[PDB]
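First up is the structure itself, then whatever we jot down about it.
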Amino acid sequence: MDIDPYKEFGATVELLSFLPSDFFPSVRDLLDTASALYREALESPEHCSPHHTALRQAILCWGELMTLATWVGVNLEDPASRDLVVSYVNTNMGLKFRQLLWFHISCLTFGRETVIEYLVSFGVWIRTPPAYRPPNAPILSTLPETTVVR
Amino acid sequence: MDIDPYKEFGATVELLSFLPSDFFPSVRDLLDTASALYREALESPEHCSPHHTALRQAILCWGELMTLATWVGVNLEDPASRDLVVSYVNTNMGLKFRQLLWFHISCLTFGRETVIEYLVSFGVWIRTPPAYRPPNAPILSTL
Amino acid sequence: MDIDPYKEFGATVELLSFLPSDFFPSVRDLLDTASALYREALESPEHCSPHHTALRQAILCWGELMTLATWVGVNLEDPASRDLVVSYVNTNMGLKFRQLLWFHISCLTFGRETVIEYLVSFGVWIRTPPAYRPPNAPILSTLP
Amino acid sequence: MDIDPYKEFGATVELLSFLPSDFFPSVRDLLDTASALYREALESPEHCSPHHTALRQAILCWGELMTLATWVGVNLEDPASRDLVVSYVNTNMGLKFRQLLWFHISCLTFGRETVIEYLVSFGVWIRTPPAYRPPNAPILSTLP
Amino acid sequence: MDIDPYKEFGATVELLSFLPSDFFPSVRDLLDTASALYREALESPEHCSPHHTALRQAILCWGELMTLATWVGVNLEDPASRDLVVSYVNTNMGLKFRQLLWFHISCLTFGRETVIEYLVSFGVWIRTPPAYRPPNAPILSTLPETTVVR
Amino acid sequence: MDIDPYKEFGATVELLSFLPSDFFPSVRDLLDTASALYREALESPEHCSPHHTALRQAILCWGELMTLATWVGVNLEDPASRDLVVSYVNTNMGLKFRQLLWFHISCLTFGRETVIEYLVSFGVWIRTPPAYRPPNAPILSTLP
């Protein structure tokens, strides 16, 4: 139905189409981050935020895909097909869900404004050739660059 | 986590276990309804409601599953393994998405109160022995 | 009795397992830190803080546990099965007591909010790819 | 450190030596009492009291000790040594834990004043030779 | 469904797990006590008290168990099974129902506060070894210890 | 007496055990620093501060120790034993004196607050495993 899951929030896929695959933590890492930060909010009987509602659906569908992968690994005697399907799932679908979970966890930790400005700047950066761009990518952090907590 | 997708919407999987799995309309029937009734709101750049949010996400993930099925049919050399994967996908995961779509569309269309009352009444009905079970199963209506 | 030793302090084992088990200093180092900084307050006849009470009980637990381990190693004569059992004490209980001690000492030294922010930030940091995170690992310091 | 787990309040491990070791209820009985009376508070996210904090920490320590001993007696294969180590555990740690649970559950149910007066009076009683020792020993009660 | 029939009232099974089986009168005695004290309240068309509602249900279920025992005694030719089932019923289920009826009759005669304090004290007593506890158990009574009514 | 040469201020020999012994500058470097910064005050007839007093006394003690060891190594005729005794001297007394000079010169140049915060932070640092230990260790400075 030609839906963009970020348009509802202020972004698009074209804005995140720049962020490489080497930028997004693993799905297990992102799910651990969520469990640690907003678990009592994702498991709560309140909508909390549109970002919280979106996070719950993404986690559910990833769980369904993981169940699919285990079921395949168990019920497919053909190891070639088994491997190909499981690896396709992990790589591609995990990339989609990594984009998604990162976007939501970030728009929750930081704000939509900050995340969108970071995306604009990261686009400026990753579009620029290496011979003309700074080597140190732009960075989004809760900590100062000195990373000393007091 | 043990997330429940209906707890924020005032329900639980125990409250939808009342309805059987052969009751939910097919995923294609649910998507036709969703289009016809809320296309310009799901394609909208607004949080018109958590139901709309969840419906967008469900539709995107079902689309991912359909892309998976096509990619399987295209790339899987073993026809029997390819057939087993597609049928499992459809049956099981389409069942989950049937309940997910049914719930959200029905809420948007009728009301959370109405949907919960309908679940309770359908439980009454399906638990009622047949000798005293009316043939006119409960049904959601505006008129 | 479904007890969490942190939820009265605003944390959770899911939040402390969010860091690597290789991050938490050794039990000896933490006991030395305590003996150095809060000995007069742990031996004091005053409650002081819910953290002092918890820290006082964690030190006694470790003492009883080490007593058990050394006594059973003395009695048992298996030099190989020692390295497994009286070092399984170390891995499991030692990791849980390393997290408990770090949490309490660090809270008493810096602040509860500071410690929790540190936990989340360090977890996100060690989970993030290097090229898109600050190079230096997050650390706690009293020095401005 | 030389931490006395009672001097934080108004007692000492030598003021509880007035009570023999045959006086202290079993850990099962005491944990049942706790589950009965202060479960909603021990499972609470609030510093309801230092007794609650110490009780949480003690219950967790006992959980860790039981885990260790069971896992060990399982892996190790001699039941004679099994009985030996379990007797050692029971005696040494179980007594030090019955004391602690009794003290905390009492100073919670009853007051510190009442508990200390009870300890003094029971010292008087159990010191007095049996010939001149009444049969109606003292006991903690919320009744006449 | 993990229900505790006394939690609704302020107690638990762990608090009554101390009271021995030699402490509770027979079920016939407790039912006679109820019939004599609150019959016109248990047979009335008003809830009266949560304790009254609980008493009515307990009496009903005990009646069903008694009916079961008679039916068994009448319709089981096997005297071994007959005896074993009937004795199991009496002992175990009667112990449960004795705990229950005692608790309710007491929280009605006396109050919840008094009953719970008595239970705490009786626990203190029955946990203490005999060599260190008074021999005369703590006692709950409508009468003074002198038992002289004036 | 059980005199701790630091508790007169706000420290203890166990709070300086946070710093390894390989961290402390050589006595030559430290005496040069003193000559550079506080010579006019150490040669002064005024109680400019307890740090100054302790520093005078420590420098004199070192003078006496050096006199003894040199005079001895001279009179005694074995260089192997010479090296042995000088190694013992260096280790045992030189470390206990590097600690003292460092502490006093720092609490003079910088403040007691800063020195103690530095000790705590360096304890944190040198405890943190190297994998998660930043390279930019803490250091005392009058600059950013």
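Protein chains in written order, with PDB author numbering: chain B, 1 to 150; chain A, 1 to 143; chain C, 1 to 144; chain D, 1 to 144; chain B', 1 to 150; chain D', 1 to 144. A prime marks a further copy of an entry chain. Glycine included, each C-beta is placed from N, C-alpha and C at the ideal position.
Beta-carbon spacing of residue i, residue j below 8 Å
{"i": "residue 147 of chain D", "j": "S121 of chain B'", "result": "Absent from the structure is residue 147 of chain D, since the part of chain D shown begins at 1 and ends at 144."}
{"i": "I3 of chain B", "j": "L100 of chain A", "result": "no"}
{"i": "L16 of chain B", "j": "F103 of chain B", "result": "yes"}
{"i": "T53 of chain B", "j": "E8 of chain A", "result": "yes"}
{"i": "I126 of chain B'", "j": "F18 of chain B'", "result": "yes"}
{"i": "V72 of chain D", "j": "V85 of chain C", "result": "yes"}
{"i": "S35 of chain D", "j": "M1 of chain C", "result": "yes"}
{"i": "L42 of chain B'", "j": "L55 of chain B'", "result": "yes"}
{"i": "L95 of chain D'", "j": "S44 of chain D'", "result": "no"}
{"i": "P129 of chain B'", "j": "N136 of chain D", "result": "no"}
{"i": "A11 of chain B", "j": "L119 of chain B", "result": "yes"}
{"i": "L68 of chain B", "j": "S81 of chain A", "result": "no"}
{"i": "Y88 of chain B'", "j": "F23 of chain D", "result": "no"}
{"i": "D78 of chain A", "j": "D78 of chain B", "result": "yes"}
{"i": "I139 of chain C", "j": "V74 of chain B", "result": "no"}
Cutoff 7 Å; reference residue i; Cβ partners in own chain excluding five residues on either side
{"i": "residue 183 of chain A", "result": "Residue 183 of chain A lies beyond the stretch modelled for chain A, which goes from 1 to 143, so this question has no answer here."}
{"i": "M93 of chain A", "result": "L65"}
{"i": "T33 of chain D", "result": "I105"}
{"i": "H47 of chain D", "result": "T53"}
{"i": "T91 of chain A", "result": "none"}
First through last residue of the alpha helix (DSSP H) which encompasses residue i
{"i": "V148 of chain B'", "result": "Neither: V148 of chain B' is in no alpha helix (DSSP H) and is coded neither H nor E."}
{"i": "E8 of chain B'", "result": "Counting along the chain, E8 of chain B' falls outside any alpha helix (DSSP H), and DSSP gives it neither H nor E."}
{"i": "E14 of chain D", "result": "Segment: none, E14 of chain D is in no alpha helix (DSSP H) and carries neither H nor E."}
Cutoff 6 Å; reference residue i; Cβ partners in own chain excluding five residues on either side
{"i": "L108 of chain C", "result": "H51"}
{"i": "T146 of chain B", "result": "none"}
{"i": "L37 of chain B", "result": "none"}
Close beta carbons around residue i, own chain, < 8 Å, minus the five adjacent residues each side
{"i": "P5 of chain D", "result": "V13, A54 and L100"}
{"i": "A58 of chain D'", "result": "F97, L100, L101 and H104"}
### Query
What alpha helix (DSSP H) runs, 4 residues minimum, are completely inside the stretch 35-123 of chain D?
Those alpha helix (DSSP H) runs which fall completely within the stretch 35-123 of chain D and span 4+ residues are 39-42, 50-75, 79-89 and 95-109.
### Query
At a Cβ cut of 9 Å, what residues of the stretch 102-127 of chain C count as close to chain D, listed as they run along the chain?
Here the close residues number zero.
#### Entry: Near-chain D residues of the stretch 75-91 of chain C (beta-carbon distance less than 9 Å), N- to C-terminal order
With the criterion set as a beta carbon lying under 9 Å from some beta carbon of chain D, the members of the stretch 75-91 of chain C are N75, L76, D78, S81, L84, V85, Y88 and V89, in sequence order.
### Contact residues within the stretch 44-64 of chain B, judged by C-beta distance below 7 Å to chain A
If you check each beta-carbon in the stretch 44-64 of chain B against every beta-carbon of chain A, the ones closer than 7 Å belong to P45, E46, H47, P50, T53, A54, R56, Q57, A58, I59, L60, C61 and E64.
### Task
Taking only beta carbons into account, state which residues of the stretch 3-16 of chain D' come closer than 8 Å to chain C, listed in chain order.
Cβ contacts with chain C come from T12, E14 and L15.
### Query
Of all the residues that make up the stretch 17-28 of chain C, which are near chain D' by a beta-carbon distance shorter than 7 Å?
Across the stretch 17-28 of chain C, CB contacts with chain D' closer than 7 Å involve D22, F23 and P25, in sequence order along the chain.
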